[PDB]
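Only one chain is included here, represented as structure tokens and corresponding to the form deposited in one PDB entry.
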């Protein structure tokens, strides 16, 4: 019918001060660092041992939680510059047969570099991964009520594989995971047994985290069709700051900007955007200095920034899902 246009009308249920306070208190930057983040800080390119442990680590972290997370491994083969390779996207869905989903995403693969140092891509994107896992965890009790009326809308998480290029970045050597899965979702009926509608119609908003972890990030508002949602993040950021629930935060060094961006950033959203999915692309401009550098590592992460961004994202998600 018209359920696919529902996202066009969808409003947040906005949290009051005491609610914002509780959310800020319900996240632990320390507990994420250790249990969510630290394990991912390993070489995890496709086919690598790290690939396998990354996967393992993600499925296990989601499994220990009460909320009815359903997990799928979208695994497939594709030619690469190094010859055939196996890729596996991790999908973690609450209420899989809900017509609508807000979708958080990032890439868990790390880019291949030769070596006495090793590339672990802390900001790119182990920290986006831990943030999604910390969100899953921080909001468990509230997300668990989605099991129990209201819009036909729930939460999906996606950890893409094969995001990074093997050699020099190109349409055919990158976005292996996203390109596969977006194509799959495009041809998969949703809800089950529908005419016309695909799983991509069911994607209300793809929120893609990427390159998060550096001090003073600045995110531009990239896309008009998501700009209203970007304004939410700026309003959340602002309110959390005024309430004294951010750390080492000044309005002057705020993260979410009024302005947009000139060029066109290739990333996992691309195969979704070109088929018409609303994208809220939480990548900074500029990229962290450490971009594609052996310094893209832990020492160079900024705990407080990540904590602050955790709080903002969690609040956004609650308000989007009306929880």
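Positions refer to the first chain, counted from 1.
Below, we turn to the form solved in complex with a small molecule, even though it does not appear here.
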property	result
Stretch from 280-288, 250-258, 25-33, 55-63 whose residues place a heavy atom within 4.5 Å of the small molecule in the bound PDB entry	280-288
Partner contact for residue 124 in the bound PDB entry: the small molecule, 4.5 angstroms, heavy atom	yes
Any non-hydrogen atom of residue 264 within 4.5 angstroms of the small molecule in the bound PDB entry	yes
Exercise: residue 204 in contact with the small molecule in the bound PDB entry, heavy atom 4.5 Å	no
The small molecule contact in the bound PDB entry: residue 102, any heavy atom under 4.5 Å	no
Residue (of 233, 185, 211, 129) lying close to the small molecule in the bound PDB entry, criterion heavy atoms within 4.5 Å	211
